[PDB]
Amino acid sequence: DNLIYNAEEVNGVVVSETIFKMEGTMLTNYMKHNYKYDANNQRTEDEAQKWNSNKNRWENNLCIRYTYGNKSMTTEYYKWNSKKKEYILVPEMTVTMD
């Protein structure tokens, strides 16, 4: 609710979206979602980056991946690890619904 959105569109689909906080008129970066789609144009990733003002950069955090079965979508959640420099799966949180 204290948040402001700007979306980047390419060929009808949002490839990215940026979320800011606003002190008055000045916007300050907060989170950035980078999205990927398949050929059928359904969403496949949703990488969630956080703004680290003090290092002044976008830092990898969470990433969700969607899989479409014929009766079922499966969503898997990954967390970024610095020391490995990889998005690691948290299978504990995986969900499968119809």
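The first residue of the shown sequence is 1; numbering continues from there.
*Asks:* According to the deposited model, is the average Cα temperature factor higher in 54-62 or in 30-38?
*Replies:* The deposited B-factors put 54-62 ahead on the C-alpha mean.
*Asks:* Look over 21-29 and 75-83 in the entry and identify the one with the greater average Cα temperature factor.
*Replies:* Of 75-83 and 21-29, the stretch with the higher C-alpha B-factor average is 21-29.
*Asks:* Where does the C-alpha B-factor of residue 95 rank in its chain, lowest, middle or highest third?
*Replies:* Its C-alpha B-factor, which the entry lists for residue 95, ranks in the lowest third among residues of this chain.
*Asks:* Comparing residue 3 with the other modelled residues of its chain, is its CA B-factor in the lowest, middle or highest third?
*Replies:* As the PDB entry reports it, the C-alpha B-factor of residue 3 lands in the highest third of its chain.
*Asks:* Which third, lowest, middle or highest, does the CA B-factor of residue 88 fall in along this chain?
*Replies:* CA B-factor rank for residue 88: lowest third.
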